[PDB]
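Peer 1: Numbering (the deposited numbering), first residue to last: -4 to -1, 6732 to 6812.
For every residue, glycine included, the Cβ atom is placed at its ideal position computed from N, Cα and C.
Here it is: the structure, laid out below.
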Amino acid sequence: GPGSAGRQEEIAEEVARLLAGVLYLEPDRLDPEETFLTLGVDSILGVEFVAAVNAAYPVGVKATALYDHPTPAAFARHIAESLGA
């Protein structure tokens, strides 16, 4: 709830902005609570987005995180716990 507010949300909004450009979509069409499957991700688009994430955030995260997390918000919570929010 509201007591959990912070940089976890800013990292999730930046992920939601940068992903939509790999899927050839717009961030006005994407929602951060919806899954990578309904957003139109497949394994190649996963690897391409993860290569762009590792240039914006020094986490060292692999394309297995796009299989292990269902949503851009769940994936961004991993980044935010790696940076310490």
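1) Measure the Cβ-Cβ separation of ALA6800 and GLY6733 and say whether it is below 7 angstroms.
2) Give me, in chain order, the residues of the same chain whose beta-carbon lies closer than 8 angstroms to that of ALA6739; leave out the 5 immediate sequence neighbours on both sides.
3) Under 8 angstroms by Cβ, that's how I've got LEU6745 and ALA6779 pegged, so tell me the actual separation to the nearest angstrom.
4) By Cβ distance, which residues of its chain are closer than 7 angstroms to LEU6766, with the 5 residues on each side in sequence left out?
5) Excluding the 5 residues preceding and the 5 following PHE6776 in the sequence, name in chain order all residues of the same chain whose CB lies nearer than 6 angstroms to its CB.
6) Using only alpha-carbon positions, find the residue among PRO6754, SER6809, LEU6752, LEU6764 that is nearest to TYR6784.
7) Using 10 angstroms around the beta-carbon of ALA6782, count the other beta-carbons present and answer buried if the total reaches 16, otherwise exposed.
Peer 2: Inspection of the coordinates gives the following:
1) For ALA6800 and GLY6733, no; Cβs fall outside 7 angstroms.
2) The residues are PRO6759, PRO6799, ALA6800, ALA6803, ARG6804, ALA6807.
3) The Cβ separation is near 6 angstroms, so the contact holds.
4) Result list for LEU6766: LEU6750, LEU6757, in chain order.
5) Once the five neighbours on either side are set aside, the close Cβ partners of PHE6776 are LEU6746, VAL6749.
6) Closest by alpha carbon: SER6809.
7) Exposed, by the Cβ-count rule.
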